[PDB]
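1. Following this: a sequence and the matching experimental structure.
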Amino acid sequence: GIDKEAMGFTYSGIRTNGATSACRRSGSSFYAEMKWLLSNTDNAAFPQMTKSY
Amino acid sequence: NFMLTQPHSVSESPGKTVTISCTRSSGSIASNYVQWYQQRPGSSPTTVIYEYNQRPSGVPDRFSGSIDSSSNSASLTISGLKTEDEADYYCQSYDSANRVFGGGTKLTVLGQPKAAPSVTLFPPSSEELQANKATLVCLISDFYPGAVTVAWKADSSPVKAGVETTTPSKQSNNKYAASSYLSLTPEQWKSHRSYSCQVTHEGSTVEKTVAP
Amino acid sequence: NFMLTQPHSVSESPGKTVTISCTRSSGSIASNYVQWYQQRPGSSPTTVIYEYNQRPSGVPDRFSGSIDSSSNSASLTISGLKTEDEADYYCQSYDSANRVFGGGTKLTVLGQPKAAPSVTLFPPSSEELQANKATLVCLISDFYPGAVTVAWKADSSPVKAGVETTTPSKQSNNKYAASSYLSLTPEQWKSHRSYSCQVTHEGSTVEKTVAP
Amino acid sequence: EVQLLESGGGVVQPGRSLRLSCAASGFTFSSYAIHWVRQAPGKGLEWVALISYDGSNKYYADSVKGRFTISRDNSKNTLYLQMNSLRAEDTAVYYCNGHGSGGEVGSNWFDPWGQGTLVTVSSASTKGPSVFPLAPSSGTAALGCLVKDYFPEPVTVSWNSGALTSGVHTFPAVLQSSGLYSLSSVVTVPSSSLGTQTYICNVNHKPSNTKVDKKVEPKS
């Protein structure tokens, strides 16, 4: 078995709830354990980041 | 950063195919998505193409989008034109987050043979020169399609001292009419040999001049 | 779909190298093969280059082909020019199946110093105006190379109402001569201040005007 | 059912301020980013501003920076454009236009537009039209009558007291850079009637109550 524990990752100034028609949990969803980081607005410059664990 | 240039106008007979270009001055056309918008007179714009080639639900199969990386352009093409298609078309791309719109392209579908304009210039009124002023009157009428360029010249040279109207249709002959007013003073009106009302219509540039 | 633009003319001294460009208006020059054809006066064309760089059996090593993807062009270059090379050259590429030919490039090898033309314009005959007509007569003579552009202007403005001949050689001085005839009516001839016979020769654009 | 409702449009003077609002209904407003796109009359579209789904980011056009300020209330589903320190060129129709992925990447094209709210920024001076003569330079010719520097529209033109209507046309008006209107009206005739009948021009601009005549006679 596997033991899932949060990495406490949190971000400021981007989108973190990307969705896609493939991962379809009664609507456009994504991987339950992952985050699809996107720019705040379309085409907007994405900020360089560095997260550790 | 960059600007999108599309032709001022284009025309083609019904049933024939037509293409409209959209050239990006700086940066790759493939760097950012290009949307093609249609605006009918008075109506709000409706997207005809998105993401360079995608046809939203409702737009007929005649509308197609294309990318020419060589000329760094984007082309909207309609096959089998219909009189309903006669509207203005704007291409729009993206600077980093800001949207950028094209200059517009007036697409007129032929409903009659092409007619050259009837230019009638007017010398400035005398009592206006007695008010120490000068405003020319260039009248353009009976031309089809309704796309016309009106450049005034100080003896074949760029002048920017005039005000010219848009090109509305005729309530009489289903043609289009327009006017233009070049404003100066009798000193400049006598220190230059003449001034030209230049009217490019479908490439054929009719001209009428005025001299002191 | 697209057109191939090559310069109207080019010239260089014998022994020197020369290059001719071929720019594709729409679509990548690398999308379709480009053939370089040579046509001598009266003779049928002979391929000098094929598939952008390949030298068919018989063509000397002086002929080379090149591709400039940046300017979307194709270049035919001859090193160590010889008077035999003086002919017209056409680049040809392919739309999907149709062939597309360039506008031609008159390559003249220098056999003497360059001579500017001798322009002699003529006012329209009076009895022609008595026949309600007007046809100008612009005579161009004693110019080398034999490449010349003749644009008429309605006081510095595009006119398309004239007929002008090609540029044949001289049976006297090994130079080239030509003529031009701008056709109008006395109404237009008096409703415009003048008309210009503009003659661009090797960039130097000699001009001669006529006024009512 | 999805719709956008622009409100707050009207006529103003330069240097003043204005506020515009967009009412969103029929979709998940809280998720998409919203844009302000205007269009001057007779001109093409121009992107003005945009604000993100959570208001964190606001992006303005370079031609409007400093003056305009975009904002949104998701609890009320309302968009706000603060157009203070207005200029003369800002006169345009103003559309609110939703434009964004909205968290999904499949994203069937979703780009709604409103009907647009007119924003006219003219200076002042309801004025009376000044009439000027327009003479023909001597088998047909034409002459005219000039109606310059008036405000506001419309007018009523009558050549020779509503008599000569055959071969006569009246063209639409222009908006001068000075903010005041002006229009013309020309009559076409054969080259015969030159000097025969004097041509008095009779205009009528209603609010200014100004009606002026102007006879045309060839110069020398």
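-> It's in. Residues are numbered from 1 along each chain as shown, chains lettered A, B, ... in the order given.
2. In chain B, spot the strand with the most residues.
-> Assignment by DSSP state E gives strand B:176-184 as the longest strand of chain B.
3. what does that one contact?
-> Residues outside strand B:176-184 that contact it (CB atoms under 8 Å, 6 or more residues apart in numbering or on different chains) are B:133-146, B:148, B:150, B:152, B:159, B:161-170, B:195, B:197, D:169, D:171-172, D:174, D:176, D:182-184. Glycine gets a C-beta too; all of them are placed from N, C-alpha and C.
4. Which SSE is immediately downstream of that strand?
-> helix B:186-190 (DSSP states H and E).
5. The next helix or strand after that following helix to strand B:176-184, inter-axis angle?
-> Helices and strands here follow DSSP H and E; after helix B:186-190, the next one along the chain is strand B:195-201. Interaxial angle of strand B:195-201 relative to strand B:176-184 (axes from the mean of the first three to the mean of the last three CA atoms, to 10 degrees): 160 degrees.
6. tell me what strand B:195-201 is packed against?
-> strand B:118-122, strand B:137-143, strand B:149-153, strand B:176-184, strand B:204-210 (3 or more CB pairs under 8 Å, 6 or more residues apart in numbering or on different chains; DSSP states H and E).
7. in the longest strand along chain A, what counts as buried?
-> Longest strand of chain A, by residue count under DSSP E: strand A:20-24. Using 16 or more other CB atoms under 10 Å in any protein chain shown as the burial criterion, the residues of strand A:20-24 that qualify are residue A:20.
8. Pairing partners for it, with directions?
-> strand A:28-29 (antiparallel) (DSSP bridges).
9. Name the residues that touch the strand it pairs with?
-> With CB under 8 Å, 6+ apart as the test, strand A:28-29 has contacts from A:19, A:20, A:21, A:23, D:103, D:104, D:106.
10. Alpha carbons only: can I get stretch A:39-53 in PDB?
-> In PDB, the C-alpha atoms belonging to stretch A:39-53 read as follows (Å, rounded to 0.1, in the frame of the first residue of the first chain):
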ATOM      1  CA  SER A  39      -0.800  31.700 -15.500                       C
ATOM      2  CA  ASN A  40      -3.400  33.900 -14.000                       C
ATOM      3  CA  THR A  41      -4.600  34.900 -17.400                       C
ATOM      4  CA  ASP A  42      -4.200  33.500 -20.900                       C
ATOM      5  CA  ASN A  43      -0.700  34.100 -22.400                       C
ATOM      6  CA  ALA A  44       0.300  35.900 -19.200                       C
ATOM      7  CA  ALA A  45       4.000  35.500 -18.200                       C
ATOM      8  CA  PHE A  46       4.400  32.700 -15.700                       C
ATOM      9  CA  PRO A  47       6.600  33.600 -12.700                       C
ATOM     10  CA  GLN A  48       9.800  31.700 -12.000                       C
ATOM     11  CA  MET A  49       9.300  29.700  -8.800                       C
ATOM     12  CA  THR A  50      11.300  27.400  -6.500                       C
ATOM     13  CA  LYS A  51       9.500  25.100  -4.000                       C
ATOM     14  CA  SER A  52      11.300  22.600  -1.800                       C
ATOM     15  CA  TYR A  53      10.400  19.600   0.300                       C
END
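11. Report the buried residues of it.
-> By 16+ other CB under 10 Å, the buried positions in stretch A:39-53 come out as A:39, A:40, A:41, A:42, A:43, A:44.
12. Also near chain D: which of these, exactly?
-> Among these, the ones lying near chain D by CB under 8 Å from any CB of the partner chain are A:40, A:41, A:42, A:44.
13. Can you tell me the element the second one falls in?
-> When you say that, I think you mean residue A:41. Secondary structure from DSSP H and E places residue A:41 outside every helix and strand.
14. Correct me if wrong: it contacts residue D:52.
-> Yes. If you go by CB atoms under 8 Å, residue A:41 and residue D:52 touch, sitting 5.0 Å apart.
15. Which residue, neighbours along the chain excluded, lies closest to residue B:147?
-> The shortest distance from residue B:147 to any non-neighbouring residue, by CB to CB, 6 or more residues apart in numbering or on different chains, is to residue B:9 (3.4 Å).
16. how about that neighbour, what does it touch?
-> Residue B:9 touches B:105, B:106, B:107, B:108, B:145, B:147, counting by CB under 8 Å, 6+ apart.
17. Then residue D:87?
-> So, once contact is read as CB under 8 Å, 6+ apart, residue D:87 ends up touching D:14, D:67, D:121.
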